$ cat final10.pdb   # PDB, C-alpha atoms and all ligand atoms
ATOM      1  CA  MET R   1     -48.558  26.151  84.408
ATOM      2  CA  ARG R   2     -51.433  28.601  83.988
ATOM      3  CA  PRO R   3     -50.774  32.327  84.495
ATOM      4  CA  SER R   4     -52.125  34.163  87.501
ATOM      5  CA  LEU R   5     -55.071  36.488  86.973
ATOM      6  CA  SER R   6     -52.768  39.152  88.467
ATOM      7  CA  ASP R   7     -50.577  38.798  85.347
ATOM      8  CA  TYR R   8     -53.344  40.386  83.253
ATOM      9  CA  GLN R   9     -54.555  43.995  83.247
ATOM     10  CA  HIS R  10     -58.115  44.598  84.395
ATOM     11  CA  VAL R  11     -59.804  46.788  81.785
ATOM     12  CA  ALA R  12     -63.512  46.641  82.586
ATOM     13  CA  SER R  13     -65.956  45.619  85.282
ATOM     14  CA  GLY R  14     -69.664  45.030  84.952
ATOM     15  CA  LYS R  15     -72.277  44.021  87.504
ATOM     16  CA  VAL R  16     -71.281  40.356  87.419
ATOM     17  CA  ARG R  17     -68.602  40.076  84.736
ATOM     18  CA  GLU R  18     -65.008  41.223  84.403
ATOM     19  CA  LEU R  19     -62.736  41.848  81.447
ATOM     20  CA  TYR R  20     -58.939  41.567  81.320
ATOM     21  CA  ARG R  21     -56.318  42.322  78.704
ATOM     22  CA  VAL R  22     -54.297  39.238  77.760
ATOM     23  CA  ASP R  23     -52.306  40.791  74.921
ATOM     24  CA  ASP R  24     -52.845  43.379  72.166
ATOM     25  CA  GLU R  25     -55.373  41.189  70.375
ATOM     26  CA  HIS R  26     -56.938  39.067  73.135
ATOM     27  CA  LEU R  27     -59.004  39.510  76.266
ATOM     28  CA  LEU R  28     -60.109  37.287  79.129
ATOM     29  CA  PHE R  29     -63.875  37.354  79.598
ATOM     30  CA  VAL R  30     -64.723  36.384  83.187
ATOM     31  CA  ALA R  31     -68.065  35.435  84.718
ATOM     32  CA  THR R  32     -68.444  35.753  88.478
ATOM     33  CA  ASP R  33     -70.882  34.039  90.833
ATOM     34  CA  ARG R  34     -72.651  37.347  91.497
ATOM     35  CA  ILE R  35     -76.381  37.577  90.815
ATOM     36  CA  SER R  36     -78.500  40.641  90.100
ATOM     37  CA  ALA R  37     -82.134  41.020  91.146
ATOM     38  CA  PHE R  38     -84.290  44.171  91.055
ATOM     39  CA  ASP R  39     -81.261  46.070  89.678
ATOM     40  CA  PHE R  40     -79.191  45.198  92.743
ATOM     41  CA  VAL R  41     -76.122  43.006  92.768
ATOM     42  CA  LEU R  42     -76.950  40.803  95.761
ATOM     43  CA  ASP R  43     -74.632  40.195  98.721
ATOM     44  CA  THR R  44     -74.836  36.430  98.300
ATOM     45  CA  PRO R  45     -73.070  34.685  95.407
ATOM     46  CA  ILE R  46     -74.645  31.688  93.682
ATOM     47  CA  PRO R  47     -72.125  28.838  93.777
ATOM     48  CA  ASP R  48     -70.919  27.786  90.296
ATOM     49  CA  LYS R  49     -73.115  30.393  88.560
ATOM     50  CA  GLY R  50     -70.138  31.798  86.652
ATOM     51  CA  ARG R  51     -69.119  28.342  85.440
ATOM     52  CA  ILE R  52     -72.664  27.324  84.501
ATOM     53  CA  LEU R  53     -73.300  30.521  82.520
ATOM     54  CA  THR R  54     -69.939  30.203  80.761
ATOM     55  CA  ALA R  55     -70.825  26.608  79.834
ATOM     56  CA  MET R  56     -74.192  27.831  78.544
ATOM     57  CA  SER R  57     -72.646  30.579  76.444
ATOM     58  CA  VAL R  58     -70.066  28.189  74.976
ATOM     59  CA  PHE R  59     -72.837  25.745  74.069
ATOM     60  CA  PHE R  60     -74.831  28.393  72.219
ATOM     61  CA  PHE R  61     -71.752  29.807  70.434
ATOM     62  CA  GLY R  62     -71.224  26.264  69.142
ATOM     63  CA  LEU R  63     -74.855  25.898  68.097
ATOM     64  CA  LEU R  64     -74.836  29.106  66.053
ATOM     65  CA  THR R  65     -72.948  29.225  62.762
ATOM     66  CA  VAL R  66     -72.096  32.929  62.950
ATOM     67  CA  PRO R  67     -68.577  34.243  63.650
ATOM     68  CA  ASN R  68     -67.940  34.847  67.331
ATOM     69  CA  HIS R  69     -65.207  36.234  69.545
ATOM     70  CA  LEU R  70     -64.030  32.948  71.106
ATOM     71  CA  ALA R  71     -60.288  32.625  70.531
ATOM     72  CA  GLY R  72     -59.511  29.374  72.315
ATOM     73  CA  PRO R  73     -60.990  26.338  74.092
ATOM     74  CA  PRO R  74     -62.436  26.518  77.629
ATOM     75  CA  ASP R  75     -59.208  24.972  78.945
ATOM     76  CA  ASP R  76     -56.880  27.285  76.979
ATOM     77  CA  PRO R  77     -53.572  27.521  78.903
ATOM     78  CA  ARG R  78     -53.899  31.332  78.973
ATOM     79  CA  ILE R  79     -56.796  30.944  81.423
ATOM     80  CA  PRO R  80     -55.805  31.171  85.118
ATOM     81  CA  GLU R  81     -56.650  28.249  87.406
ATOM     82  CA  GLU R  82     -58.636  30.574  89.658
ATOM     83  CA  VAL R  83     -61.182  31.318  86.900
ATOM     84  CA  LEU R  84     -61.060  27.982  85.059
ATOM     85  CA  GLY R  85     -64.512  27.139  83.747
ATOM     86  CA  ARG R  86     -65.827  30.676  84.187
ATOM     87  CA  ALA R  87     -63.465  32.526  81.835
ATOM     88  CA  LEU R  88     -62.998  32.573  78.080
ATOM     89  CA  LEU R  89     -60.112  33.686  75.897
ATOM     90  CA  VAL R  90     -61.620  36.024  73.291
ATOM     91  CA  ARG R  91     -60.455  38.117  70.339
ATOM     92  CA  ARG R  92     -60.360  41.867  70.865
ATOM     93  CA  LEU R  93     -62.954  43.575  68.660
ATOM     94  CA  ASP R  94     -64.002  47.130  67.925
ATOM     95  CA  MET R  95     -67.339  46.974  69.707
ATOM     96  CA  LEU R  96     -70.464  48.469  68.181
ATOM     97  CA  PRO R  97     -72.344  50.724  70.634
ATOM     98  CA  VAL R  98     -75.721  49.022  70.269
ATOM     99  CA  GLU R  99     -77.477  46.620  72.610
ATOM    100  CA  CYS R 100     -78.966  44.223  70.081
ATOM    101  CA  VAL R 101     -82.155  42.890  71.628
ATOM    102  CA  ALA R 102     -84.618  40.426  70.102
ATOM    103  CA  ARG R 103     -88.043  39.909  71.668
ATOM    104  CA  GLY R 104     -90.151  36.868  70.887
ATOM    105  CA  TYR R 105     -92.605  37.775  73.647
ATOM    106  CA  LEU R 106     -93.814  41.089  75.012
ATOM    107  CA  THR R 107     -92.635  41.859  78.562
ATOM    108  CA  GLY R 108     -90.466  44.293  80.514
ATOM    109  CA  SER R 109     -89.637  47.598  78.866
ATOM    110  CA  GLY R 110     -91.003  46.327  75.546
ATOM    111  CA  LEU R 111     -94.429  45.779  77.075
ATOM    112  CA  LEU R 112     -94.251  49.114  78.897
ATOM    113  CA  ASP R 113     -93.351  51.055  75.741
ATOM    114  CA  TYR R 114     -96.253  49.319  73.981
ATOM    115  CA  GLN R 115     -98.669  50.136  76.780
ATOM    116  CA  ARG R 116     -97.611  53.776  76.713
ATOM    117  CA  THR R 117     -97.441  54.346  72.946
ATOM    118  CA  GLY R 118     -98.668  51.325  70.998
ATOM    119  CA  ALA R 119     -95.139  50.924  69.644
ATOM    120  CA  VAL R 120     -91.770  49.472  70.646
ATOM    121  CA  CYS R 121     -88.517  50.787  69.165
ATOM    122  CA  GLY R 122     -90.364  52.131  66.141
ATOM    123  CA  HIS R 123     -92.499  49.028  65.606
ATOM    124  CA  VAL R 124     -96.215  49.778  65.672
ATOM    125  CA  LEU R 125     -97.814  46.600  67.005
ATOM    126  CA  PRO R 126    -101.333  45.125  66.797
ATOM    127  CA  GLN R 127    -103.845  46.273  69.396
ATOM    128  CA  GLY R 128    -104.803  43.884  72.175
ATOM    129  CA  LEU R 129    -101.397  42.547  73.234
ATOM    130  CA  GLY R 130    -100.402  42.198  76.854
ATOM    131  CA  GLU R 131     -98.020  40.649  79.343
ATOM    132  CA  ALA R 132     -96.101  37.708  77.837
ATOM    133  CA  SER R 133     -97.948  37.932  74.507
ATOM    134  CA  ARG R 134     -96.229  36.037  71.721
ATOM    135  CA  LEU R 135     -94.688  38.278  69.047
ATOM    136  CA  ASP R 136     -94.456  36.958  65.492
ATOM    137  CA  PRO R 137     -92.087  37.710  63.904
ATOM    138  CA  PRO R 138     -89.664  38.422  66.737
ATOM    139  CA  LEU R 139     -88.947  42.145  67.167
ATOM    140  CA  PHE R 140     -85.594  43.868  66.898
ATOM    141  CA  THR R 141     -85.719  46.240  69.855
ATOM    142  CA  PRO R 142     -82.319  47.911  70.103
ATOM    143  CA  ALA R 143     -81.129  49.877  73.123
ATOM    144  CA  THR R 144     -78.208  52.067  74.171
ATOM    145  CA  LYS R 145     -76.383  52.109  77.505
ATOM    146  CA  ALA R 146     -77.116  55.074  79.755
ATOM    147  CA  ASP R 147     -75.272  56.427  82.802
ATOM    148  CA  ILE R 148     -73.965  54.289  85.677
ATOM    149  CA  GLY R 149     -77.382  54.576  87.311
ATOM    150  CA  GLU R 150     -80.037  54.362  84.597
ATOM    151  CA  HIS R 151     -81.305  51.329  82.689
ATOM    152  CA  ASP R 152     -80.602  50.952  78.975
ATOM    153  CA  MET R 153     -82.599  53.299  76.738
ATOM    154  CA  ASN R 154     -84.807  51.784  74.041
ATOM    155  CA  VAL R 155     -84.186  53.313  70.614
ATOM    156  CA  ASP R 156     -85.603  52.853  67.123
ATOM    157  CA  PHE R 157     -83.940  51.657  63.950
ATOM    158  CA  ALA R 158     -83.060  55.203  62.841
ATOM    159  CA  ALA R 159     -81.039  55.546  66.041
ATOM    160  CA  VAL R 160     -79.134  52.365  65.177
ATOM    161  CA  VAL R 161     -78.446  53.732  61.675
ATOM    162  CA  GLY R 162     -77.072  56.918  63.268
ATOM    163  CA  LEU R 163     -74.830  54.875  65.528
ATOM    164  CA  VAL R 164     -73.287  52.385  63.107
ATOM    165  CA  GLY R 165     -74.249  53.112  59.487
ATOM    166  CA  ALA R 166     -77.261  52.208  57.344
ATOM    167  CA  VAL R 167     -75.919  48.948  55.909
ATOM    168  CA  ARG R 168     -74.447  47.876  59.272
ATOM    169  CA  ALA R 169     -77.756  48.619  61.016
ATOM    170  CA  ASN R 170     -79.536  46.286  58.584
ATOM    171  CA  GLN R 171     -76.937  43.640  59.289
ATOM    172  CA  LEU R 172     -77.340  43.948  63.070
ATOM    173  CA  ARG R 173     -81.106  43.676  62.763
ATOM    174  CA  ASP R 174     -81.047  40.680  60.467
ATOM    175  CA  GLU R 175     -78.399  38.737  62.349
ATOM    176  CA  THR R 176     -80.009  39.461  65.743
ATOM    177  CA  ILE R 177     -83.366  38.108  64.610
ATOM    178  CA  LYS R 178     -81.831  35.115  62.785
ATOM    179  CA  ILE R 179     -79.747  33.884  65.677
ATOM    180  CA  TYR R 180     -82.503  34.568  68.244
ATOM    181  CA  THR R 181     -84.919  32.518  66.134
ATOM    182  CA  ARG R 182     -82.506  29.589  65.933
ATOM    183  CA  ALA R 183     -81.680  29.543  69.645
ATOM    184  CA  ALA R 184     -85.303  30.074  70.707
ATOM    185  CA  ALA R 185     -86.525  27.128  68.650
ATOM    186  CA  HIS R 186     -83.760  24.941  70.081
ATOM    187  CA  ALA R 187     -84.572  25.901  73.654
ATOM    188  CA  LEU R 188     -88.337  25.497  73.196
ATOM    189  CA  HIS R 189     -87.823  22.002  71.798
ATOM    190  CA  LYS R 190     -86.050  21.297  75.125
ATOM    191  CA  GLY R 191     -88.871  22.810  77.191
ATOM    192  CA  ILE R 192     -87.486  26.315  77.791
ATOM    193  CA  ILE R 193     -88.764  29.527  76.242
ATOM    194  CA  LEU R 194     -86.138  32.150  75.522
ATOM    195  CA  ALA R 195     -88.534  35.090  75.720
ATOM    196  CA  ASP R 196     -85.977  37.663  74.616
ATOM    197  CA  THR R 197     -82.219  38.118  74.450
ATOM    198  CA  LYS R 198     -79.515  40.793  74.317
ATOM    199  CA  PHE R 199     -76.397  40.646  72.108
ATOM    200  CA  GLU R 200     -73.358  42.796  71.655
ATOM    201  CA  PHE R 201     -71.401  42.693  68.411
ATOM    202  CA  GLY R 202     -67.996  43.943  67.418
ATOM    203  CA  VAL R 203     -66.010  44.289  64.222
ATOM    204  CA  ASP R 204     -62.681  42.574  63.507
ATOM    205  CA  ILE R 205     -59.737  43.908  61.489
ATOM    206  CA  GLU R 206     -61.383  42.912  58.198
ATOM    207  CA  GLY R 207     -64.652  44.690  58.934
ATOM    208  CA  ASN R 208     -66.424  41.418  59.679
ATOM    209  CA  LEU R 209     -69.312  41.397  62.139
ATOM    210  CA  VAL R 210     -68.539  39.201  65.149
ATOM    211  CA  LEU R 211     -70.880  38.075  67.940
ATOM    212  CA  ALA R 212     -69.309  38.856  71.304
ATOM    213  CA  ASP R 213     -70.055  39.176  75.029
ATOM    214  CA  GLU R 214     -72.155  36.247  76.244
ATOM    215  CA  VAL R 215     -75.003  34.619  74.412
ATOM    216  CA  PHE R 216     -78.269  33.179  75.637
ATOM    217  CA  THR R 217     -77.453  33.054  79.325
ATOM    218  CA  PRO R 218     -80.247  33.597  81.826
ATOM    219  CA  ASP R 219     -78.588  36.960  82.574
ATOM    220  CA  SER R 220     -78.707  38.053  78.910
ATOM    221  CA  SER R 221     -82.085  36.425  78.176
ATOM    222  CA  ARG R 222     -85.381  35.772  79.967
ATOM    223  CA  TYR R 223     -85.620  32.016  80.528
ATOM    224  CA  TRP R 224     -89.160  30.708  81.050
ATOM    225  CA  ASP R 225     -90.503  27.223  81.707
ATOM    226  CA  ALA R 226     -92.414  26.365  78.538
ATOM    227  CA  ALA R 227     -94.642  23.870  80.399
ATOM    228  CA  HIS R 228     -96.073  26.781  82.411
ATOM    229  CA  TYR R 229     -96.282  29.397  79.697
ATOM    230  CA  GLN R 230     -99.515  31.318  80.245
ATOM    231  CA  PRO R 231    -100.007  34.511  78.223
ATOM    232  CA  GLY R 232    -101.547  37.357  80.186
ATOM    233  CA  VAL R 233     -99.649  37.022  83.460
ATOM    234  CA  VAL R 234     -96.028  37.582  84.444
ATOM    235  CA  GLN R 235     -94.000  34.421  83.780
ATOM    236  CA  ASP R 236     -91.735  33.057  86.505
ATOM    237  CA  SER R 237     -88.022  33.572  85.962
ATOM    238  CA  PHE R 238     -86.681  30.057  85.400
ATOM    239  CA  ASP R 239     -83.471  30.847  87.278
ATOM    240  CA  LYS R 240     -84.272  33.774  89.581
ATOM    241  CA  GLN R 241     -87.810  33.271  90.864
ATOM    242  CA  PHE R 242     -86.734  31.744  94.208
ATOM    243  CA  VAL R 243     -84.505  34.758  94.811
ATOM    244  CA  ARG R 244     -87.270  37.144  93.787
ATOM    245  CA  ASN R 245     -89.901  35.439  95.921
ATOM    246  CA  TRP R 246     -87.747  35.345  99.033
ATOM    247  CA  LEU R 247     -86.602  38.969  98.762
ATOM    248  CA  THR R 248     -90.184  40.198  98.388
ATOM    249  CA  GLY R 249     -91.634  37.687 100.837
ATOM    250  CA  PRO R 250     -92.301  37.890 104.603
ATOM    251  CA  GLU R 251     -88.900  36.518 105.702
ATOM    252  CA  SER R 252     -86.446  38.972 104.129
ATOM    253  CA  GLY R 253     -87.460  42.049 106.107
ATOM    254  CA  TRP R 254     -86.870  44.044 102.931
ATOM    255  CA  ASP R 255     -89.209  46.523 101.258
ATOM    256  CA  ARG R 256     -88.545  46.633  97.507
ATOM    257  CA  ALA R 257     -90.052  50.120  97.203
ATOM    258  CA  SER R 258     -87.375  51.411  99.577
ATOM    259  CA  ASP R 259     -84.595  51.169  96.974
ATOM    260  CA  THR R 260     -82.363  50.317  99.920
ATOM    261  CA  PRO R 261     -79.881  47.532  99.123
ATOM    262  CA  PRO R 262     -81.493  44.119  99.762
ATOM    263  CA  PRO R 263     -80.291  41.739 102.511
ATOM    264  CA  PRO R 264     -78.218  38.584 101.931
ATOM    265  CA  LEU R 265     -79.963  35.420 100.727
ATOM    266  CA  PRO R 266     -80.524  32.234 102.710
ATOM    267  CA  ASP R 267     -77.912  29.593 101.832
ATOM    268  CA  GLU R 268     -80.660  27.227 100.771
ATOM    269  CA  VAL R 269     -82.084  29.803  98.340
ATOM    270  CA  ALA R 270     -78.598  30.148  96.814
ATOM    271  CA  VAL R 271     -78.227  26.367  96.531
ATOM    272  CA  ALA R 272     -81.712  25.994  95.015
ATOM    273  CA  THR R 273     -80.830  28.707  92.507
ATOM    274  CA  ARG R 274     -77.640  26.865  91.536
ATOM    275  CA  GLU R 275     -79.792  23.801  90.882
ATOM    276  CA  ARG R 276     -82.059  25.811  88.572
ATOM    277  CA  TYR R 277     -79.045  26.992  86.573
ATOM    278  CA  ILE R 278     -77.744  23.436  86.243
ATOM    279  CA  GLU R 279     -81.154  22.168  85.159
ATOM    280  CA  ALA R 280     -81.453  24.896  82.509
ATOM    281  CA  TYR R 281     -77.967  24.173  81.191
ATOM    282  CA  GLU R 282     -78.386  20.401  81.043
ATOM    283  CA  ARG R 283     -81.826  20.591  79.452
ATOM    284  CA  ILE R 284     -80.660  22.998  76.743
ATOM    285  CA  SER R 285     -77.217  21.556  76.022
ATOM    286  CA  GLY R 286     -77.921  17.836  76.442
ATOM    287  CA  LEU R 287     -74.618  17.824  78.329
ATOM    288  CA  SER R 288     -73.797  17.159  81.982
ATOM    289  CA  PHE R 289     -72.486  20.057  84.054
ATOM    290  CA  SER R 290     -70.409  17.545  86.019
ATOM    291  CA  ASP R 291     -68.243  17.319  82.881
ATOM    292  CA  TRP R 292     -67.665  21.068  82.687
ATOM    293  CA  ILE R 293     -64.137  22.142  83.619
ATOM    294  CA  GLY R 294     -63.274  23.882  86.894
ATOM    295  CA  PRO R 295     -60.427  24.502  89.363
TER     296      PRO R 295
HETATM  297  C1  LIG I   1     -67.215  43.712  82.068
HETATM  298  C2  LIG I   1     -68.362  43.147  81.265
HETATM  299  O1  LIG I   1     -68.721  44.083  80.282
HETATM  300  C3  LIG I   1     -68.238  43.739  79.021
HETATM  301  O2  LIG I   1     -67.326  42.918  78.941
HETATM  302  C4  LIG I   1     -68.786  44.353  77.765
HETATM  303  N1  LIG I   1     -67.650  44.571  76.919
HETATM  304  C5  LIG I   1     -67.208  43.708  75.998
HETATM  305  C6  LIG I   1     -66.093  44.278  75.428
HETATM  306  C7  LIG I   1     -65.194  43.716  74.338
HETATM  307  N2  LIG I   1     -64.264  44.521  73.826
HETATM  308  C8  LIG I   1     -63.427  44.110  72.881
HETATM  309  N3  LIG I   1     -63.461  42.869  72.397
HETATM  310  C9  LIG I   1     -64.350  41.971  72.863
HETATM  311  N4  LIG I   1     -64.348  40.642  72.337
HETATM  312  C10 LIG I   1     -65.256  42.361  73.876
HETATM  313  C11 LIG I   1     -66.283  41.355  74.402
HETATM  314  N5  LIG I   1     -67.028  40.601  74.791
HETATM  315  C12 LIG I   1     -65.879  45.503  76.045
HETATM  316  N6  LIG I   1     -66.863  45.664  76.969
END
$ encode --input "final10.pdb" --output "structure tokens"
Amino acid sequence: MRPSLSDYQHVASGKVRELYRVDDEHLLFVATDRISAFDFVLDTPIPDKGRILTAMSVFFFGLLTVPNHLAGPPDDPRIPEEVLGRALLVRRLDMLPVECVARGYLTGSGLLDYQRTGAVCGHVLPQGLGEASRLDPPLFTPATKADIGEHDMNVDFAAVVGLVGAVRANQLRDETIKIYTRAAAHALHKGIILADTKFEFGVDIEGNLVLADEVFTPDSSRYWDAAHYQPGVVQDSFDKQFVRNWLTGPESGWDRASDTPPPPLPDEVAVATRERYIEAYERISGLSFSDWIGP
């Protein structure tokens, strides 16, 4: 018999994920079906999104050879029935206060920083780059979390040194770029560009660096369709473009420049979005989502 979620102490909530204490050395890392668009958590959940993203993360943890925080299988008996398939048993780490971002392509705040200054996180880039330009080598573009309201703040390597130590900063940079490169090549071979990605790391009792949080989900990474990659214009979000298009289209009745909370999504947009997540997962993993565990 699996424990109830109510048997565990809630210790943290994010926009779409939750964290629970299991015991002194383990946590329960829970994905919900919530989806964020335009910095709003939307009213409408995407069915099975939590399970699909958990499956994705587990696949990539298995693909990478680096130590990670997984502490049991996806069907570990410590996982409650209610969150089966969308929750992982993980080792408690001392988390390092750095958002470890790799960018293989120039978009979002990386592009904006470049357009304003010619540089991103201390990297002075070639002239003539633009939206969705390929970066080679990939850039380490670290960030720090800001207040409840603001977006993460881009920082340079010196800031990372000041946060975690000189040798540790080098390690974060090198590991971030190495594992991004591996995952990006894998995905591209399957027809998906991972344009960028965000990692969090922690340290275990021995001082070892351990990859944590979630890895290479479409929430932590920009997924693009490689078959439609066209430098110079904004690439469609593989998973979220239907949501984006509807919210900013003629049917929603919502003005994005209002910063008022957006309206609920049509059921068929939510179902279509679920299908995009499943397609991304199956293409990348070579596995069938119908085989992924659930309640
Ligand atoms: C609610 C969603 O936000 C987070 O979970 C971010 N976060 C992660 C930790 C963490 N803390 C100790 N050990 C870990 N293995 C982890 C992980 N993953 C804390 N906040």
$ resolve_selection --input "final10.pdb" --expression "the PyMOL selection byres (((chain R and resi 223) around 8) and not hetatm)" --output "PDB file with C-alpha atoms, in the coordinates of the input"
ATOM      1  CA  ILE R 192     -87.486  26.315  77.791  1.00  0.00           C
ATOM      2  CA  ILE R 193     -88.764  29.527  76.242  1.00  0.00           C
ATOM      3  CA  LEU R 194     -86.138  32.150  75.522  1.00  0.00           C
ATOM      4  CA  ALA R 195     -88.534  35.090  75.720  1.00  0.00           C
ATOM      5  CA  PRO R 218     -80.247  33.597  81.826  1.00  0.00           C
ATOM      6  CA  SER R 221     -82.085  36.425  78.176  1.00  0.00           C
ATOM      7  CA  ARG R 222     -85.381  35.772  79.967  1.00  0.00           C
ATOM      8  CA  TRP R 224     -89.160  30.708  81.050  1.00  0.00           C
ATOM      9  CA  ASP R 225     -90.503  27.223  81.707  1.00  0.00           C
ATOM     10  CA  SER R 237     -88.022  33.572  85.962  1.00  0.00           C
ATOM     11  CA  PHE R 238     -86.681  30.057  85.400  1.00  0.00           C
ATOM     12  CA  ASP R 239     -83.471  30.847  87.278  1.00  0.00           C
TER      13      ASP R 239
END
$ closest_atom_pairs --input "final10.pdb" --of "chain R" --to "ligand LIG 1 (chain I)" --cutoff "9 Å" --atoms "only C-alpha atoms and all ligand atoms" --output "CSV"
residue,atom,partner,partner_atom,distance
R:11,CA,I:LIG1,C1,8.0
R:12,CA,I:LIG1,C1,4.7
R:13,CA,I:LIG1,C1,3.9
R:14,CA,I:LIG1,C1,4.0
R:15,CA,I:LIG1,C2,7.4
R:16,CA,I:LIG1,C2,7.4
R:17,CA,I:LIG1,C2,4.6
R:18,CA,I:LIG1,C1,4.1
R:19,CA,I:LIG1,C1,4.9
R:20,CA,I:LIG1,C1,8.6
R:25,CA,I:LIG1,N3,8.5
R:26,CA,I:LIG1,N3,7.6
R:27,CA,I:LIG1,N4,6.7
R:28,CA,I:LIG1,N4,8.7
R:29,CA,I:LIG1,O2,6.6
R:30,CA,I:LIG1,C1,7.8
R:31,CA,I:LIG1,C2,8.5
R:68,CA,I:LIG1,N4,8.5
R:69,CA,I:LIG1,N4,5.3
R:70,CA,I:LIG1,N4,7.8
R:89,CA,I:LIG1,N4,8.9
R:90,CA,I:LIG1,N4,5.4
R:91,CA,I:LIG1,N4,5.1
R:92,CA,I:LIG1,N3,3.6
R:93,CA,I:LIG1,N3,3.8
R:94,CA,I:LIG1,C8,5.8
R:95,CA,I:LIG1,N2,5.7
R:200,CA,I:LIG1,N5,7.4
R:201,CA,I:LIG1,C11,8.0
R:202,CA,I:LIG1,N3,6.8
R:203,CA,I:LIG1,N3,8.7
R:204,CA,I:LIG1,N3,8.9
R:210,CA,I:LIG1,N4,8.4
R:211,CA,I:LIG1,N5,8.3
R:212,CA,I:LIG1,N5,4.5
R:213,CA,I:LIG1,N5,3.4
R:214,CA,I:LIG1,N5,6.9
$ write_last_selection --input "final10.pdb" --atoms "C-alpha atoms" --output "short mmCIF file (atom, residue, chain, number, x, y, z; two decimals), in the coordinates of the input"
data_model
loop_
_atom_site.label_atom_id
_atom_site.label_comp_id
_atom_site.auth_asym_id
_atom_site.auth_seq_id
_atom_site.Cartn_x
_atom_site.Cartn_y
_atom_site.Cartn_z
CA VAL R 11 -59.80 46.79 81.78
CA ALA R 12 -63.51 46.64 82.59
CA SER R 13 -65.96 45.62 85.28
CA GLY R 14 -69.66 45.03 84.95
CA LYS R 15 -72.28 44.02 87.50
CA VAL R 16 -71.28 40.36 87.42
CA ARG R 17 -68.60 40.08 84.74
CA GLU R 18 -65.01 41.22 84.40
CA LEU R 19 -62.74 41.85 81.45
CA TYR R 20 -58.94 41.57 81.32
CA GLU R 25 -55.37 41.19 70.38
CA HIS R 26 -56.94 39.07 73.14
CA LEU R 27 -59.00 39.51 76.27
CA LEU R 28 -60.11 37.29 79.13
CA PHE R 29 -63.88 37.35 79.60
CA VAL R 30 -64.72 36.38 83.19
CA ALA R 31 -68.06 35.44 84.72
CA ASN R 68 -67.94 34.85 67.33
CA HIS R 69 -65.21 36.23 69.54
CA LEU R 70 -64.03 32.95 71.11
CA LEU R 89 -60.11 33.69 75.90
CA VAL R 90 -61.62 36.02 73.29
CA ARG R 91 -60.46 38.12 70.34
CA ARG R 92 -60.36 41.87 70.86
CA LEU R 93 -62.95 43.58 68.66
CA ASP R 94 -64.00 47.13 67.92
CA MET R 95 -67.34 46.97 69.71
CA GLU R 200 -73.36 42.80 71.66
CA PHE R 201 -71.40 42.69 68.41
CA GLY R 202 -68.00 43.94 67.42
CA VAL R 203 -66.01 44.29 64.22
CA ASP R 204 -62.68 42.57 63.51
CA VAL R 210 -68.54 39.20 65.15
CA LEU R 211 -70.88 38.08 67.94
CA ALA R 212 -69.31 38.86 71.30
CA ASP R 213 -70.06 39.18 75.03
CA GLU R 214 -72.16 36.25 76.24
#
$ residues_around --input "final10.pdb" --residues "region 290-293 of chain R" --least-positions-apart "2" --cutoff "9 Å" --atoms "all atoms listed in the file" --output "list in words"
residues 51, 52, 55, 74, 75, 84, 85, 86, 287, 288 and 295 of chain R
$ closest_residue --input "final10.pdb" --among "R:242, R:231, R:116, R:65" --to "residue 135 (chain R)" --atoms "only C-alpha atoms"
R:231
$ resolve_selection --input "final10.pdb" --expression "the PyMOL selection byres (((chain R and resi 274) around 9) and not hetatm)" --output "ChimeraX atom specification"
/R:46-49,52,239,269-273,275-279
$ closest_residue --input "final10.pdb" --among "R:63, R:185, R:1, R:87" --to "residue 33 (chain R)" --atoms "all atoms listed in the file"
R:87
$ resolve_selection --input "final10.pdb" --expression "the PyMOL selection byres (((chain R and resi 233) around 9) and not hetatm)" --output "VMD selection string"
chain R and resid 130 to 132 230 to 232 234 to 235
$ atom_distance --input "final10.pdb" --atom1 "CA of residue 143 (chain R)" --atom2 "CA of residue 98 (chain R)"
6.2 Å
$ axis_aligned_box --input "final10.pdb" --around "region 108-112 of chain R" --padding-each-side "4 Å" --output "AutoDock Vina command-line options"
--center_x -92.0 --center_y 46.7 --center_z 78.0 --size_x 12.8 --size_y 12.8 --size_z 13.0
$ residues_around --input "final10.pdb" --residues "residue 265 (chain R)" --least-positions-apart "5" --cutoff "9 Å" --atoms "all atoms listed in the file" --output "PyMOL selection string"
chain R and resi 42-45+243+246-247+252+270
$ atom_distance --input "final10.pdb" --atom1 "CA of residue 228 (chain R)" --atom2 "CA of residue 196 (chain R)"
16.8 Å
$ closest_residue --input "final10.pdb" --among "R:34, R:160, R:126, R:2" --to "residue 81 (chain R)" --atoms "all atoms listed in the file"
R:2
$ residues_around --input "final10.pdb" --residues "residue 120 (chain R)" --least-positions-apart "3" --cutoff "12 Å" --atoms "all atoms listed in the file" --output "PyMOL selection string"
chain R and resi 101-103+106-117+123-126+135+138-143+153-157
$ atom_distance --input "final10.pdb" --atom1 "CA of residue 294 (chain R)" --atom2 "CA of residue 73 (chain R)"
13.2 Å
$ residues_around --input "final10.pdb" --residues "residue 220 (chain R)" --least-positions-apart "3" --cutoff "8 Å" --atoms "all atoms listed in the file" --output "VMD selection string"
chain R and resid 197 to 199 214 to 217
